[PDB]
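All chains are named by letter (A, B, ...) in the order of the sequence lines, taking the proteins before the strands, and each is independently numbered beginning at 1. Both counts, for ligands and for their atoms, begin at 1 and track the order of listing.
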4 protein chains.
Amino acid sequence: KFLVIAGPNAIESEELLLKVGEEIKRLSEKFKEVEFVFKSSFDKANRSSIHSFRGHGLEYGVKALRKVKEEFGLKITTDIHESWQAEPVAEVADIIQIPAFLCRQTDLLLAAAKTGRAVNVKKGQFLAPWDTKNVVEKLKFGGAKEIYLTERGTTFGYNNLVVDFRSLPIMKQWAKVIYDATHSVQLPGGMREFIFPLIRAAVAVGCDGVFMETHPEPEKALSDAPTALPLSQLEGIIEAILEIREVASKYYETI
Amino acid sequence: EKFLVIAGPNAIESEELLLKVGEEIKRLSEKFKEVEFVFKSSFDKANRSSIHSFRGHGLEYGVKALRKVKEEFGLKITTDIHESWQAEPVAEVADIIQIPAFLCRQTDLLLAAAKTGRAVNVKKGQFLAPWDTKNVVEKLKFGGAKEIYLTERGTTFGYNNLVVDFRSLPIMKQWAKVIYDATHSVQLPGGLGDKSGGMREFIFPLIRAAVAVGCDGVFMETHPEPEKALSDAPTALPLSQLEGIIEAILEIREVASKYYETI
Amino acid sequence: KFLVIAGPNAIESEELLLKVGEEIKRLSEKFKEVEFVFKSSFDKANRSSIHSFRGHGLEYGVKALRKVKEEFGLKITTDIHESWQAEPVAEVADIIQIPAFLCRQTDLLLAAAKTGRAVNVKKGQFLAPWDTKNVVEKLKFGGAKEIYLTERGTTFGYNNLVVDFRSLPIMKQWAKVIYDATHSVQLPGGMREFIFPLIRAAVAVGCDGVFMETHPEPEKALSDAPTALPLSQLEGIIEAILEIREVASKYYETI
Amino acid sequence: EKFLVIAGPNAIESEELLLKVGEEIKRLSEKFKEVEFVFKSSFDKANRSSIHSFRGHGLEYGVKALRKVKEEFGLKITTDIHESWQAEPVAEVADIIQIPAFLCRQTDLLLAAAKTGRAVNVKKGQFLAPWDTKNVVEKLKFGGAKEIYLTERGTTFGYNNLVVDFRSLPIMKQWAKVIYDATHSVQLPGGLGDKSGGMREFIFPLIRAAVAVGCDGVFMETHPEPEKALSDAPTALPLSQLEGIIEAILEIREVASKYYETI
Ligand SMILES: O=C(O)[C@@](O)(C[C@@H](O)[C@@H](O)[C@H](O)[C@H](O)COP(=O)(O)O)OP(=O)(O)O
Ligand SMILES: O=C(O)[C@@](O)(C[C@@H](O)[C@@H](O)[C@H](O)[C@H](O)COP(=O)(O)O)OP(=O)(O)O
Ligand SMILES: O=P(O)(O)OC[C@@H](O)[C@@H](O)[C@H](O)CO
Ligand SMILES: O=P(O)(O)OC[C@@H](O)[C@@H](O)[C@H](O)CO
């Protein structure tokens, strides 16, 4: 079934994760035809500034995420940044996320594959759609069974990303495709007004899921604030994508 | 508001080709009564890559052939001009005057189209940012245009490739009705050397995206036998596939419409 | 010999043209190994705003340019925008300039070629280097003998142009290559600090000439003000490009 | 200030290859005494497109082979790290620690390199704007780096293509010494499918442009027989051509130097 990955960008506190986890659990009950996956980063390892929020560490992170998986029975997903983090993270994360800048780091992908968990690779902003074929092959080589590719925009001049929707059907040839509705409209080094419109485009085109970051108070997010979707808007957007998908799916091309 | 479907052969290869496509468009206009159809065909391909490629049979012949289509089928007409002097004679048959993408900044061409009293449709240049169309519309309004359209047809993305930045649809809607060009947005500029390339397998999904995002119309070239087209062959849509494509966009538009953001 | 095209962007007045013409005449006398060509537009036919300066018309324009060619004996070049302007302009213009946005308009190129004059086509910001081969062929077909291709930047995301110096050697395969040092750093819809550095790059790479706009008081230019090179800086830059060329020319690749 | 020339085989295919290239670099360092040479070679290609491409013989072997080059020829050494833990052992031989382009934003890798006391050279990511390197340098300074380099190696320009925006040289010079990567800037990312492509015919002219604009050094990969390289073959420069290229950049640099803008 259709996949919806959502949660706060960073693990600002397990308190925050439980508040978002509650709303995602609720939505999960209201939309049984959808498989929800809770997402949150235990570390922002690639901030532009040394003076920005990174997180509370992997320890506190896996701890807080475990609390969500136990308290709400929601699947879990978080990103890793170096090979050694694959094993400890695999303890709670149902899906291991590979950062976009790291989509080509062979050992990170192999370490993720080895854990036996599912792997979701964010397509680098420098990568062409067809070049993801090799990414998938590395994961298969590493023993990966559940592989996802996430579209999150492509470099378009400076401090700007454009979403080439031709990548959805192209990447679908070798993996399940997820659309990152949040970071695809962010401006490197974002504009919330384009999140919903492009989400609609992604489902009209055809994808296996949507990646969507949410926060009680977006403007207060310690990371990616100008892109955080308000918690209260999640339901409406999900209902919207399901309806569009239902009608459009009739025309999705055969693999 | 009535959705707009602009369609037709890329070039006026012959009056016969036009009448053949016109008949089908007419048939579709009878079925899809909630759609406003506009028959399109260029009397001249004035910007081919090669001096050896097909251009057309002249403005006179073209206007004559177009008039025949309007008389025989009662369809609105649209064609593009390349120099100011063509605006007047073209306005005698064209309901919508189209401005080529490379020429979207040529002040006199725009002014010439605007003073005819006809509607004007400007193809957004591959070099233009979405927010830069605000001045294009201002020029037209200044020149007297009352019905203005802006057509999205892709943006330069590296060499011989175009990308469609769907953020442009809601941006351009701030000052004009927006049209999505389903065939040229997947075209590969001069990708074939003396001719341009194209990827027909992406035409349909990108069109679905366009209507899901929200636009006021779609523009699509069609031809009985695409591979025989004298121009844009790699992008021409098989005439028999037009009905299904249209039904699909109307369905996707209906279900997505309640979510279209207010400008 | 090496070509230097210079002058004010627009014909703000024949007075302005005579003041710049005097300095270019002087430079022409000081650098005999260089062929100078006076440039100025009788109309800015593609301004973004309807409320901006266009010019005084073709009449007043050809008039003022004729005054420069007679008073200083300097060759002339100006751009045309529609086919009918080729003939009247060919009366004074030694080189007919084709605007970048119009580099693919067949009739404009043919009308220019027919006049017998030399033709300089500005490479469209949407065009690939190799795609200029066809541009040249149209001109040859039209009877052109002296054909130039000018590099003026390529679309790089929004409101930004990047100069791909690989285009110089590629275009040199079928025509003489001129480098537009002024508009190559302008931001569509500019930064003067990059004009000189990239001019140096162009000659180090290898080109047949440089296109350079100048004005007594750049900030007062009615068009392209943020890019107009100060008249007083022309000499130093020319001397600089000649010295770099002299040393680098030893390594220019064979066609 | 002494111009920097960083050169060597792309990968440590074998200690033999290294000693063969090292001998030549050593010979050149004796001739071009006004140049500071740094021998380069990766102990591991950790970001190949295909899982089937050559990677190397391990960090231990690589560091061993590099140390041999430094001992036998007295040449400075530089190699790149891929994870934080590699910084320490690599710092035992490397005079300059290189940070891969895709990893230019990985805070811990940068911090790991900085605390070794060694010089740090960051390849500017193909996704990074020139002005965005200001924070990269700040991170390094924060982590204790006293000698920092920023290397220009091209920017994403459409798919499978890189363009060099020379405006970046004077921009990055505002906060660090700038190095121009003559071989990877003309590389075609994954242009060959399971491998990347490249256009060797542009290496030389772009290098001339780099020195004419103004930089503090050039980085160039070389190999006795480029077409036999186990990686970056389409871009490796023939070892015998190194001397002439270097002489040329020194000549162009000298004549252009009086015009370099002051930062
Ligand atoms: O899902 C994610 O967490 C993330 O989008 C990573 C993203 O959160 C960060 O890259 C974030 O955009 C970045 O750290 C912001 O940097 P600034 O310091 O605000 O410029 O995955 P990616 O690898 O696609 O970037
Ligand atoms: O040499 C030229 O005159 C010109 O560079 C034309 C150039 O002067 C104009 O295009 C100018 O940049 C433009 O009119 C400025 O538009 P604004 O209205 O300031 O946005 O030739 P091109 O065809 O390469 O643009
Ligand atoms: O096939 P070439 O000659 O490149 O020209 C194609 C164009 O005519 C086509 O994209 C469209 O009709 C106008 O640009
Ligand atoms: O040839 P593939 O496998 O695409 O990788 C090439 C890269 O290793 C090369 O550009 C460089 O060594 C690092 O990116």
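Taking only non-hydrogen atoms, the option from A:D43, A:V121, D:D132, A:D224 nearest to atom 12 (O) of ligand 1 is A:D224. Taking all heavy atoms of C:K39, C:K122, C:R152, C:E151 into account, the minimum distance to atom 25 (O) of ligand 2 is reached by C:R152.
Using a 4.5 Å cut-off on side-chain heavy atoms (C-beta onward), A:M212 and A:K39 make no contact.
Considering both main-chain and side-chain atoms, A:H183 comes within under 3.5 Å of ligand 1 through a nitrogen or oxygen pair. Between C:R47 and ligand 2, a contact under 3.5 Å exists for at least one N or O pair. Considering both main-chain and side-chain atoms, A:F211 never comes within under 3.5 Å of ligand 1 through any nitrogen or oxygen pair. Annotation: A:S223 places no N or O atom under 3.5 Å from an N or O atom of ligand 1; distance criterion only.
Here B:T133 pairs with B:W175 under the side chain to side chain donor-acceptor pair (under 3.5 Å) rule; sequence neighbours left out. A search for salt bridge (charged side-chain N to carboxylate O under 4.0 Å, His left out) contacts involving C:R152 returns nothing, not counting sequence neighbours. Applying the side chain to side chain donor-acceptor pair (under 3.5 Å) test to A:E151 and every residue at least two apart in sequence or in another chain returns A:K123, A:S167.
Using a distance-only test at 3.5 Å, with no hydrogens or angles considered, a donor-acceptor pair links the side chain of B:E13 to the main chain of B:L230.
Close approach of ligand 1 to A:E213 (heavy-atom distance below 4.0 Å) involves ligand atoms 1 (O). Numbered from 1 in the order shown, with element, the atoms of ligand 1 that lie under 4.0 Å from a heavy atom of A:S41 read 3 (O). Atoms of ligand 2 found under 4.0 Å from any heavy atom of C:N9 (numbered from 1 in listed order, with element): 3 (O), 8 (O). Applying the 4.0 Å criterion to heavy atoms of D:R105 picks out, from ligand 1, the atoms 16 (O). Listed by number with element, the atoms of ligand 2 under 4.0 Å from a non-hydrogen atom of C:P99 are 23 (O).
Relative ring orientation between B:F43 and B:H82 is described as perpendicular, the plane-to-plane angle rising above 60° on a 0-90° scale split at 30° and 60°. Ring pair B:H52/C:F141 is perpendicular by interplanar angle, where above 60° counts as perpendicular and below 30° as parallel.
Among all non-hydrogen protein atoms, the one lying nearest atom 20 (O) of ligand 2 is C:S48 OG, 2.8 Å. For atom 23 (O) of ligand 2, the closest non-hydrogen atom of the protein is C:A100 N, 2.6 Å. The shortest contact between atom 14 (O) of ligand 1 and any protein heavy atom is with A:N46 ND2, 3.0 Å. A:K44 NZ, 4.0 Å is the protein heavy atom nearest to atom 6 (C) of ligand 1.
Smallest separation of non-hydrogen atoms from A:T155 and A:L161: N-CD2, 3.9 Å. Considering every non-hydrogen atom in both D:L110 and D:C104, the closest pair reads CD1-O, 3.5 Å. Nearest heavy-atom pair across A:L198 and A:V163 is CD1-CG2, 4.3 Å.
Each of B:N10, B:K45, B:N47, B:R48, B:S49, B:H184, B:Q187, B:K195, B:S196, B:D232, C:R104 has a non-hydrogen atom positioned under 4.0 Å from some atom of ligand 3.
Shown are C:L108, C:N46, C:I80, C:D107; of these, the side-chain contact (heavy atoms from CB on, under 4.5 Å) with C:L102 is made only by C:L108. None of B:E221, B:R48, B:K195 except one satisfies the side-chain contact (heavy atoms from CB on, under 4.5 Å) rule with B:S231; the exception is B:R48.
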task: Before giving the answer on side-chain hydrogen bond (donor to acceptor under 3.5 Å, both in side chains), spell out for C:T150 and C:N120 the whole-Å C-alpha distance, their side-chain angles and the decisive distance to 0.1 Å.
output: CA-CA 7 Å; C:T150 298; C:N120 179 192; 2.7 Å; yes
